[PDB]
Amino acid sequence: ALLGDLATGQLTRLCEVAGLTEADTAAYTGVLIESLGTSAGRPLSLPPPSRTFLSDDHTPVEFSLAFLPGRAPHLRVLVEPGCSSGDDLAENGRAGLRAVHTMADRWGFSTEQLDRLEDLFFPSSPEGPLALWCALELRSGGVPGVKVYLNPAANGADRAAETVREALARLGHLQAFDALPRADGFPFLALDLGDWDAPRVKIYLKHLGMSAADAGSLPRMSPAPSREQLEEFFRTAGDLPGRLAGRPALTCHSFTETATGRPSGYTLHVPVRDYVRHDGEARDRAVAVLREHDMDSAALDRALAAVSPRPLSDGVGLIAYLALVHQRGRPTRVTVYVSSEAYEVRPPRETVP
C-alpha cells in the first residue's frame, strides 16, 4: 500500500529473474528505499510525490533489463531521488545530488565529472522537465554501477545545445558536439559513476518523424552498426512496413575517449508504448526483437509478470521503450524498459493512428 513497498516487491521479483542472490537483493531493496527518501513511506492512495517525467504515471521508479545472448538479463532501476521535494525543481535537484553523493561516499567512487558540471545543470531557477535522475546497475556483489541523468534545458530549452556543448568541453570532449548528428532536441545528458572500464558521457537526442532508414544512418560511432539490423529493429518496434509520428524516437551517443573525436556507442530508443493498442502487442514486439538477437525472451515474460499481475492487453505503457545498444568492442544488447505502474494503468487504445 506504500510506494516503497510496491517498488521493493517489484524489485525483489525482478532480482529473481536476474538471478541475484538473496543477499544482493536485500542490499539493493535497501538502496532503492534510501533513494526514494521520505516518499518511500508514502501511501499509494495519495497522489505521486512529483509530476515527474520519469514515467507516464509519475511513479519515481522505472525498471529496465539489458539482454545479452546466453545470459540472464542485467537489472537496472531508475529513480528520481529528490521526488519528495515535489515539483520545486531547485530543491528536487539539490536532494537528488545529496543522494548521489551519499552513494559515492559509501562505495568510494569519484564525482569529479559531475561536480565539474554542477553549475551548468543546477542553476538557481531551473527549468524542467527534470533536475536529476539516478539509475543503479544491480550487479552481483551488492556494489552497483551508478548513472546520473541531467537536464540540458535546465537553463531554458533555447540554451540546451549551448549547455551540452559547454558540458562536453568541460569534460575534455572538445570535438564531441560537432560529431553528433542533427536533432530536434537534447532531452538528457548522462554520466557513468562508480567502477566502469570505460565510463561514458552520454548525449541523448530527440528525433521527430524518424524513418527506419534514418535509424540506421544516425550512428556516428566506429565501427558503424549494421544498418539492416537497425532498420529491422525500428520496423519491429514500431510495426512499420512510415515514420514514428507520435512519441519521438531517441538516439544516445556515448563518448568514452577523447582521441577519435567521435562517439564509441550508439543506442536507438523506440517509445513502443505510443505505437501499440496495449501491452500484449508491445510484448510481442519485444520478444521478436530479443529472439532476432539470440536473447532469452522467456526471461522478459517472467519480468513483466514480476512487475505487474495484470493482463497485458488490459492497458498500455507497461513496456515504455525498447532499445538496441551498440558499443565499440562490446556485444550487441537489447534493453527493455518496464514501468512500475504504481499510480495508474493507461487504458488500451482501439487504434494507433
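According to the numbering used here, the sequence shown is numbered sequentially starting from 43. Cβ coordinates follow ideal geometry from the N, Cα and C atoms, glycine included.
Pick from 221, 138, 202: whose alpha carbon is nearest that of residue 189? In this structure, 138 is the residue among 221, 138, 202 with its C-alpha nearest to the C-alpha of residue 189.
Checklist entry - Which residues in the same chain have their Cβ closer than 8 Å to the Cβ of residue 69, if we skip the five residues on either side of it in sequence? => result Excluding the 5 residues flanking it on each side, residue 69 has same chain C-beta neighbours closer than 8 Å at 184, in chain order.
Applying the 10 Å Cβ sphere with the 16-neighbour rule, what's the burial state of residue 236?
Buried: at least 16 other Cβ atoms inside 10 Å.
So, under 8 Å CB-CB, residue 81 and residue 45 are touching, yes? Tell me the CB distance rounded to an integer number of Å.
Indeed they touch by this definition, with Cβ atoms about 6 Å apart.
Do you know whose CA, among 391, 342, 357, lies nearest residue 107's CA? Taking residue 107 as reference, the option from 391, 342, 357 with the minimal CA-CA separation is 342.
Complete beta strand (DSSP E) runs within the segment 58-146 (minimum length 3 residues, chain order): List check, beta strand (DSSP E) in window: 103-109, 116-121.
Inspect the CB distances between the segment 83-100 and the segment 368-388 and report whether three or more fall short of 8 Å. They touch, by the three-pair rule.
**Q.** Residue range of the alpha helix (DSSP H) that includes residue 280
**A.** Bounds of the alpha helix (DSSP H) holding residue 280 are 269-280.
Item to complete: Compute the Euclidean distance between the alpha carbons of residue 102 and residue 203, then round it to the nearest angstrom.
Response: If I take the Cα positions, the gap works out to 27 Å.
Item to check | Given residue 301 as reference, the closest of 327, 263, 176, 316 once Cα atoms are compared | outcome: Nearest C-alpha to residue 301: 263.
### residue 350, buried or exposed, once every other Cβ within 10 Å from all chains shown has been counted against 16
With 16 or more Cβ atoms within 10 Å of its Cβ, residue 350 is classed as buried.
#### Entry: When 149, 248, 353, 175 are compared against residue 313, the one with the closest alpha-carbon
Nearest to residue 313 by alpha-carbon distance, out of 149, 248, 353, 175, is 248.
*Under three-state DSSP, which class holds residue 266?*
Three-state DSSP puts residue 266 in coil, outside helix and strand.
* To do: Could you check if residue 216 is buried or exposed, using at least 16 other CB atoms within 10 Å of its CB as the buried criterion?
  => Residue 216 is exposed by the Cβ-count criterion.
(request) With residue 296 as the anchor, note down where its beta strand (DSSP E) starts and where it stops. (result) Per DSSP, residue 296 belongs to the beta strand (DSSP E) from 291-297.
Give the DSSP-derived three-state secondary structure of residue 217 in the structure shown.
-> The answer is coil: DSSP assigns residue 217 none of H, G, I, E or B.
query: By a C-beta neighbour count over all protein chains shown, 10 Å radius and 16 as the cutoff for buried, is residue 357 buried or exposed?
result: If you draw a 10 Å sphere on the C-beta of residue 357, you find 16 or more other C-beta atoms in it, and that means buried.
*Nearest-angstrom beta carbon gap, residue 309 and residue 293 [assumed within contact, 8 Å]*: The C-beta distance from residue 293 to residue 309 rounds to 7 Å, short enough to meet the 8 Å contact threshold.
- Could you have a look at residue 257 and say whether DSSP puts it in helix, strand or coil? Residue 257 falls in the helix class under three-state DSSP.
Open item on the list: Using only the alpha-carbon positions, how far apart do residue 257 and residue 136 sit?
Closed with: Cα-Cα distance, rounded: 36 Å.
To the nearest angstrom, report how far apart residue 282 and residue 339 are at their CA atoms.
Residue 282 and residue 339 have their C-alpha atoms spaced approximately 22 Å apart.
| said: Measuring straight from C-alpha to C-alpha, what distance separates residue 75 and residue 270? | reply: Whole-angstrom Cα-Cα distance: 42 Å.
*asked:* In this structure, how does DSSP classify residue 167 when only helix, strand and coil are distinguished?
replied: Here residue 167 sits in coil by DSSP.
**Q.** residue 342, enclosing alpha helix (DSSP H) - first and last residue
**A.** According to the DSSP assignment, residue 342 belongs to the alpha helix (DSSP H) that extends over 339-349.
With a threshold of 16 other CB atoms inside 10 Å of the CB of residue 368, please say whether the residue is buried or exposed.
So residue 368 counts as buried.
Checklist line | Every unbroken alpha helix (DSSP H) inside the segment 301-385 [4 residues or more] | finding: The segment 301-385 contains these whole alpha helix (DSSP H) runs: 321-334, 339-349.
Beta carbon of residue 124 nearer than 8 Å to that of residue 173: Taking C-beta atoms as the reference points, residue 124 and residue 173 count as a pair closer than 8 Å.
Considering only C-alpha positions, which residue in the set 116, 145, 128 is nearest to residue 59? Ranking 116, 145, 128 by Cα distance to residue 59 puts 116 first.
Next item on the list: Rank 196, 232, 199, 198 by C-alpha distance to the C-alpha of residue 210 and give the top, closest one.
Entry: Of all alpha-carbon atoms in 196, 232, 199, 198, the one lying nearest the alpha-carbon of residue 210 is that of 232.
Worksheet item: What are the boundary residues of the alpha helix (DSSP H) that residue 206 is part of?
Response: Counting along the chain, the alpha helix (DSSP H) containing residue 206 begins and ends at 202-212.
Exercise. Tell me which same chain residues have a C-beta within less than 7 Å of the C-beta of residue 222, skipping the five on either side of it?
Worked result: Around residue 222: 245, 247, 262, 295.
- Task: Can you tell me which of 320, 169, 378 puts its alpha carbon nearest to the alpha carbon of residue 198?
- Result: Of the residues 320, 169, 378, the one whose Cα lies closest to the Cα of residue 198 is 169.
Nearest to residue 390 by alpha carbon, out of 142, 266, 109, 324?
-> For the residues 142, 266, 109, 324, the minimum Cα distance to residue 390 belongs to 324.
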